[PDB]
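S.K.: sequence? don't have it. structure:
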DNA sequence: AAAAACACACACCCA
DNA sequence: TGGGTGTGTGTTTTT
């Protein structure tokens, strides 16, 4: 087992919080929570990976859609779906 | 193309 | 309270 953290950065060089996961799929998911505009509106952020020598940058957007179905009580109703658009993960060896 | 990331093995995983 | 498909372990999809 192994766990790589991620440090989300904004746009002006200022970084926000730090994630503690592993899979880029669910990591990029929470990155799109920027809230830039609404549905249609491009955005680009870069989370520095805290573990391996690699830069993480991807485009992502959110769409307000859904409704109270069978989601766990804490987070029901409707949520803006984030689109993990793999821009380019940099490499370093 | 080669590093970087994903496929189910299981069912998990945090406020 | 279970989303949505994680981690784990190998390699696969990525890049």
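M.R.: Now that the structure is in, tell me what you want to look at. Residues are numbered from 1 along each chain as shown, chains lettered A, B, ... in the order given.

S.K.: give me the number of residues near residue A:33?
M.R.: The burial count assigned to residue A:33 is 15, neighbours taken as other CB atoms under 10 Å. (Each C-beta comes from the backbone N, C-alpha and C, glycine too.)

S.K.: in a helix, it, correct?
M.R.: Yes. Counting by DSSP: H, G, I helix; E, B strand; the rest coil, residue A:33 is part of a helix.

S.K.: just the strands in chain A please.
M.R.: Counting by DSSP state E, the segments of chain A that form strands are A:4-9, A:15-21, A:44-50, A:55-66, A:78-85.

S.K.: any chance of those strands in CSV, with distance to DNA strand B too?
M.R.: Listed next are those as CSV, based on distance: least, CB to the nearest atom of the strand, whole Å:
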stretch, distance to DNA strand B
strand A:4-9, 8
strand A:15-21, 7
strand A:44-50, 6
strand A:55-66, 6
strand A:78-85, 8
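
S.K.: out of those, flag the one nearest DNA strand C.
M.R.: strand A:15-21 (3.7 Å; CB to the nearest atom of the strand).

S.K.: run through who's touching the closest one.
M.R.: Strand A:15-21 is contacted from outside by A:3-10, A:27, A:30, A:47-48, A:50, using CB atoms under 8 Å, 6 or more residues apart in numbering.

S.K.: how about it and DNA strand C, any contact?
M.R.: Yes. For strand A:15-21, a contact with DNA strand C is found by CB under 7 Å from any atom of the strand, at residue A:21.

S.K.: so what strands line up beside that strand?
M.R.: strand A:4-9 (antiparallel) (DSSP bridges).

S.K.: buried residues, the strand it pairs with. List them.
M.R.: For strand A:4-9, burial by neighbour count (16 or more other CB atoms under 10 Å) applies to A:4, A:6, A:8-9.

S.K.: then stretch A:47-60?
M.R.: So for stretch A:47-60, counting by 16+ other CB under 10 Å, buried means A:47-49, A:56-60.

S.K.: so for residue A:88, what's the nearest residue that isn't a sequence neighbour?
M.R.: Of all residues not flanking residue A:88 in the chain, residue A:57 sits nearest, at 6.1 Å (CB to CB, 6 or more residues apart in numbering).
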